[PDB]
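Reckoned from all heavy atoms, side chains included, excluding hydrogens, waters and symmetry mates. One-based numbering along the sequence shown.
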Amino acid sequence: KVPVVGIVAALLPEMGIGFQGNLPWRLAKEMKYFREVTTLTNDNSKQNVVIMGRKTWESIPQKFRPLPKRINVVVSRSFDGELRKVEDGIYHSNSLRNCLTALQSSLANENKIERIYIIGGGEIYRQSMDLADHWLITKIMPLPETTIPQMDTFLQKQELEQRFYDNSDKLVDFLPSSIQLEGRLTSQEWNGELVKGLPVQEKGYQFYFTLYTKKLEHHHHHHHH
Ligand SMILES: NC(=O)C1=CN([C@@H]2O[C@H](COP(=O)(O)OP(=O)(O)OC[C@H]3O[C@@H](n4cnc5c(N)ncnc54)[C@H](OP(=O)(O)O)[C@@H]3O)[C@@H](O)[C@H]2O)C=CC1
Ligand SMILES: COc1cc(-c2c(C)cccc2C)cc([C@@H](C)C#Cc2c(C)nc(N)nc2N)c1
C-alpha cells in the first residue's frame with residue numbers, strides 16, 4: 001500500500017551503475033535529483049524510506065550518512081531482525097523482503113511513510129525487479145568526445161524490460177509536486193534505442209530522467225478463503 005520505487009543512475013547501452021565500489025561518474029545535477037526525489041514528499045508530515053545494501057552504505061561518505069530527512073535502512077545478512085533501530089535515522093535488516101513487509105505495516109508505520117525508495121546497489125537491485133512498483137532510472141550517455149568510463153556492476157535491463165514499460169510520459173506527475181526540472185520531455189534515438197524523459201547535460205554526459213512502470217497483468221488467480 002505504499003509505493004516501492006527503485007531509483008538508479010545507469011549508463012547506456014549496458015546500464016552500467018558502478019565500478020570498484022563507487023559510482024563511475026560524479027554528476028552534481030544527477031545527485032540533486034536523487035536527493036530531492038527521495039527527500040521530498042507530497043505530504044509534509046511524512047518521510048520516505050531509503051533502503052540500501054551494506055556495500056552501498058559503506059560507500060557513502062561518512063559525513064553524509066545516514067542520508068538526511070529520510071528513514072535509512074541498511075540490509076546485511078549478518079544483521080539481526082527484519083527491522084531494528086540501531087541509531088537515530090538508522091535501521092538494520094537481515095532481509096530485503098521481510099524489511100519491506102515490516103515497512104508496509106500500517107501499525108508500525110502509522111501511515112507516515114510516503115514511499116519506499118530502493119537506492120542500490122547491484123545485488124539489491126537484482127532482487128528488486130519483482131518487488132518494485134516503478135523504476136526511476138536516470139539514463140546516462142557519454143557525449144561524442146567523452147570517454148566511456150569502466151564499470152563492473154549492471155542493472156538487469158533484460159529483466160527490466162520484461163516486467164516494466166517506459167512510462168516517462170507520466171514522470172512529471174509522478175514526482176513530488178514541489179520538484180522543479182530544467183528540461184521538457186524529449187524522445188531521442190541513441191545507438192539504436194529510444195530514450196525518452198527529461199534532458200540534462202553536465203560534464204561529458206547527457207542524461208534523461210525516466211520512469212518505468214509495471215506492465216499490465218492478466219488475472220490468473222485471486223486467493224479465496
Ligand atoms: N548508479 C547508481 O544509482 C548506484 C550504484 N551503486 C553501485 O553499486 C555497487 C554496489 O553494489 P553491490 O556490490 O552489488 O552491493 P550492495 O550495495 O547491493 O550490497 C550487497 C550486500 O547487501 C547485503 N544483502 C544483499 N541481499 C540481501 C538480502 N536479501 N537481505 C539482507 N542483506 C542483503 C549483503 O550484505 P553482507 O555482505 O553484509 O551480508 C550483500 O553483500 C557500487 O559500485 C555502487 O557504486 C549503488 C547505489 C546506486
Ligand atoms: C557508491 O557511493 C555512494 C555515494 C553517494 C553520495 C556521494 C558520492 C556524495 C555525497 C552524498 C552521497 C549520498 C550516494 C550513493 C548512493 C546511495 C546513490 C545513488 C543514486 C544516485 C546518485 N542517483 C540515482 N538516480 N539513483 C541512486 N540510487 C552511493
Side-chain angles (χ1 to χ4, degrees), residues 1-10 15 17-18 21 34-35 37-43 45-60 64-137 153-164 174 176 211-215 217 219-225:
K1 253 266 60 179
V2 323
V4 182
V5 189
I7 187 172
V8 63
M15 286 207 152
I17 68 166
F34 163 82
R35 184 174 48 80
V37 162
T38 59
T39 301
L40 293 161
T41 54
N42 280 345
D43 180 338
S45 71
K46 312 183 178 182
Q47 300 193 336
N48 304 314
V49 174
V50 285
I51 291 172
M52 71 192 93
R54 190 259 297 159
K55 295 183 176 186
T56 294
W57 169 259
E58 285 174 347
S59 81
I60 295 165
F64 291 107
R65 70 196 194 202
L67 300 176
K69 291 310 191 193
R70 292 145 283 182
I71 301 168
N72 288 231
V73 183
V74 177
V75 315
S76 176
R77 292 179 172 96
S78 66
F79 292 172
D80 295 70
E82 110 192 4
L83 192 69
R84 178 176 177 198
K85 188 174 177 154
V86 293
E87 297 256 56
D88 296 321
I90 316 165
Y91 297 78
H92 288 167
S93 182
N94 73 348
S95 169
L96 212 220
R97 293 179 82 106
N98 295 336
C99 95
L100 285 166
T101 299
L103 293 164
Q104 293 271 14
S105 147
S106 70
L107 290 187
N109 74 195
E110 303 198 84
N111 302 343
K112 292 331 214 182
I113 309 314
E114 198 176 300
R115 296 179 170 163
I116 296 165
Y117 288 103
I118 306 161
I119 69 169
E123 256 192 77
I124 293 316
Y125 295 137
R126 272 188 256 122
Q127 294 172 88
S128 307
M129 290 294 170
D130 291 321
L131 272 12
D133 297 304
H134 302 98
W135 282 93
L136 259 354
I137 307 176
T153 309
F154 303 87
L155 197 72
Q156 272 179 320
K157 191 171 176 181
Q158 162 67 24
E159 278 83 2
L160 193 72
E161 293 188 356
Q162 282 170 249
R163 291 161 174 78
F164 303 78
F174 191 78
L211 173 67
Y212 272 73
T213 296
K214 259 257 89 200
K215 281 157 173 185
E217 132 182 349
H219 177 191
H220 287 126
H221 190 56
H222 196 276
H223 179 63
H224 281 285
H225 297 104

Checklist entry - Quick one: are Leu131 and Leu100 in side-chain contact, heavy atoms under 4.5 Å? => result yes
Next on the checklist: Quick check: closest heavy atoms across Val75 and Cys99, and the distance to 0.1 Å?
Outcome noted: CG1-SG, 4.5 Å
Next on the checklist: Once side chain to side chain donor-acceptor pair (under 3.5 Å) is applied, do any residues pair with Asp80, and if so which ones, sequence neighbours excluded?
Outcome noted: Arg84
Item to check | Nearest non-hydrogen partners of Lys112 and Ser45, listed with the distance | outcome: NZ-OG, 3.2 Å
Checklist entry - Between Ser93 and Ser95, does a side chain to side chain donor-acceptor pair (under 3.5 Å) hold up when you go through it step by step? => result CA-CA 5 Å; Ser93 182; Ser95 169; 5.3 Å; no
Item to check | With sequence neighbours excluded, residues passing side chain to side chain contact (heavy atoms under 4.5 Å, CB included) with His220 | outcome: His218
Next on the checklist: Minimum heavy-atom separation for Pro176 and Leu40, please, with both atom names.
Outcome noted: CG-O, 3.5 Å
Item to check | Pairwise distance CZ(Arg97) to OG1(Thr101) - rounded to 0.5 angstrom | outcome: 8.0 Å
Checklist outcome for this item: Residue set satisfying ring-ring contact (aromatic ring centres under 6.0 Å, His included) with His219, at least two apart, ordered chain then number -> none
Next on the checklist: Is it true that, when you exclude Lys69 itself, more than 12 heavy atoms of the residues, nucleotides or ligands shown sit nearer than 6.0 Å to its NZ?
Outcome noted: no
Item to check | Nearest heavy atoms of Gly89 and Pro66, plus distance in Å | outcome: O-CB, 4.1 Å
Next on the checklist: With heavy-atom distances below 4.5 Å as the criterion, would you say the side chains of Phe79 and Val86 are in contact?
Outcome noted: no
Next on the checklist: Under a 4.0 Å threshold between the charged nitrogen and the carboxylate oxygen, would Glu58 count as salt-bridged to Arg54?
Outcome noted: yes
Next on the checklist: Would you compute the distance between atom CE of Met52 and atom OG of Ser59 and round it to the nearest 0.5 angstrom?
Outcome noted: 9.0 Å
Item to check | Closest contact, heavy atoms only, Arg70 versus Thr38 | outcome: NH1-OG1, 3.0 Å
Next on the checklist: Side chains of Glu159 and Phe164, heavy atoms from C-beta outward: is any pair under 4.5 Å?
Outcome noted: no
Next on the checklist: Parallel, tilted or perpendicular: which one describes the rings of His222 and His224, with boundaries at 30° and 60°?
Outcome noted: tilted
Next on the checklist: Checking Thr41 against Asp43: is there a side-chain donor and acceptor pair closer than 3.5 Å?
Outcome noted: no
Checklist outcome for this item: All heavy atoms of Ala102 vs all of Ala108, minimum pair found to be O-CB, 4.3 Å
Checklist entry - Does some side-chain heavy atom of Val8 sit less than 4.5 Å from a side-chain heavy atom of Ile118? => result no
Checklist entry - Who passes side chain to side chain donor-acceptor pair (under 3.5 Å) against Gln162, sequence neighbours left out? => result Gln158
Next on the checklist: To the closest 0.5 Å, what do you measure between OG1 (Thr39) and CG (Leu67)?
Outcome noted: 8.0 Å
Next on the checklist: Just to verify, what does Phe174 make a side chain to side chain contact (heavy atoms under 4.5 Å, CB included) with, not counting sequence neighbours?
Outcome noted: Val5, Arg115, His134, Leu136, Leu211
Checklist entry - With sequence neighbours excluded, what pairs up with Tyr125 under the ring-ring contact (aromatic ring centres under 6.0 Å, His included) test? => result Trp135
Next on the checklist: Test of understanding: with ring-ring contact (aromatic ring centres under 6.0 Å, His included), list the residues that count as partners of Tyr212, not counting sequence neighbours.
Outcome noted: none
Checklist entry - What's the verdict on side-chain contact (heavy atoms from CB on, under 4.5 Å) for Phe34 and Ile119, showing C-alpha distance, side-chain angles and the deciding distance? => result CA-CA 9 Å; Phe34 163 82; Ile119 69 169; 3.5 Å; yes
Next on the checklist: Just to verify, what does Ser106 make a side chain to side chain donor-acceptor pair (under 3.5 Å) with, not counting sequence neighbours?
Outcome noted: none
Item to check | Under 3.5 Å: donor-acceptor pair, side chain of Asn94, backbone of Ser76 | outcome: no
Item to check | Atom NZ of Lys215 with >12 non-hydrogen neighbours under 6.0 angstrom | outcome: yes
Checklist entry - Is there a donor-acceptor pair closer than 3.5 Å between any side-chain N or O of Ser128 and the backbone N or O of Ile124? => result yes
Next on the checklist: Applying salt bridge (charged side-chain N to carboxylate O under 4.0 Å, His left out), can you list everything that pairs with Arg163, at least two apart in sequence or on another chain?
Outcome noted: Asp130
Item to check | Step-by-step side-chain contact (heavy atoms from CB on, under 4.5 Å) determination, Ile137 to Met15 | outcome: CA-CA 10 Å; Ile137 307 176; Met15 286 207 152; 3.9 Å; yes
Checklist entry - Around atom OH of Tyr91, are there more than 12 heavy atoms of other residues, nucleotides or ligands at under 6.0 Å? => result no
Checklist entry - Can you check side-chain contact (heavy atoms from CB on, under 4.5 Å) on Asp133 and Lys214, steps first, answer last? => result CA-CA 6 Å; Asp133 297 304; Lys214 259 257 89 200; 5.7 Å; no
Next on the checklist: Could you work out, with salt bridge (charged side-chain N to carboxylate O under 4.0 Å, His left out) as the rule, every residue matching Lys85, not counting sequence neighbours?
Outcome noted: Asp88
Next on the checklist: Taking side chain to side chain contact (heavy atoms under 4.5 Å, CB included) as the definition, give me every residue that meets it alongside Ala9, ordered by chain and number, with sequence neighbours left out.
Outcome noted: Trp25, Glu30, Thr138, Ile140
Item to check | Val2: partners by side chain to side chain contact (heavy atoms under 4.5 Å, CB included), with sequence neighbours left out | outcome: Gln104, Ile113, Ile116
Next on the checklist: Quick one, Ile71 with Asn48, criterion side-chain contact (heavy atoms from CB on, under 4.5 Å). Give me CA distance, side-chain angles, the key distance, then yes/no.
Outcome noted: CA-CA 6 Å; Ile71 301 168; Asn48 304 314; over 6 Å; no
